[PDB]
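*Asks:* Before I ask anything, here's the sequence and the deposited coordinates:
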Amino acid sequence: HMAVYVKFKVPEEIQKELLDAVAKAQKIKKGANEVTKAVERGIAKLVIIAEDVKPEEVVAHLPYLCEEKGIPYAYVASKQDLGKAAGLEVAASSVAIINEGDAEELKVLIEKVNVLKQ
């Protein structure tokens with residue numbers, strides 16, 4: 001695979017961690033338009049982007065925006081799965097965690113991602 005917008009590989013074990021962060025979150029934003037607003041306003045603490053978004057242009061601006069705003073981001077395989085972790089019955093291309101369920105887990109998972117992306 002790897003779409004152009006997928007800038008680093010996130011293995012399955014950290015993908016699960018990401019999904020589980022999303023499911024236990026207290027407040028999220030869902031979908032590219034809401035996610036992009038939340039990064040632009042500086043309320044996202046972590047952005048999670050599906051790898052299988054088509055058209056890819058829906059999410060292709062997100063890694064750049066996140067990097068330019070200092071916001072951590074990473075990937076999961078499935079937008080279906082992402083939408084179910086976010087409490088939906090439809091897919092989500094992207095999720096932003098606004099208020100997380102476990103602070104300490106978020107800070108460990110954000111570092112894990114830093115490392116992946118080096």
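*Replies:* Great, that's in hand. Numbering: from 1, shown residues only.

*Asks:* What count of nearby residues applies to residue 61?
*Replies:* Residues lying near residue 61 (other CB atoms under 10 Å) number 13. Backbone N, C-alpha and C define where each C-beta goes, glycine included.

*Asks:* Any idea how many residues pack against the nearest residue to it once chain neighbours are set aside?
*Replies:* In space, residue 61 comes closest to residue 36 once its chain neighbours are excluded; the distance is 7.0 Å by CB to CB, 6 or more residues apart in numbering. Neighbour count for residue 36, taken as other CB under 10 Å: 20.

*Asks:* Just checking, which helix or strand succeeds the strand or helix carrying residue 36 along the chain?
*Replies:* Using DSSP states H and E, residue 36 sits within helix 32-41. Using DSSP H and E, the helix or strand that follows helix 32-41 in sequence is strand 46-50.

*Asks:* so how far is the very next helix or strand once past that following strand off the chain centroid?
*Replies:* Downstream of strand 46-50, the first helix or strand assigned by DSSP H and E is helix 62-68. What separates the centre of helix 62-68 from the centre of its chain is 12 Å, taken as CA atoms, centre = their mean, to the nearest Å.

*Asks:* who does helix 62-68 touch, helix- and strand-wise?
*Replies:* helix 32-41, strand 46-50, strand 73-76 (3 or more CB pairs under 8 Å, 6 or more residues apart in numbering; DSSP states H and E).
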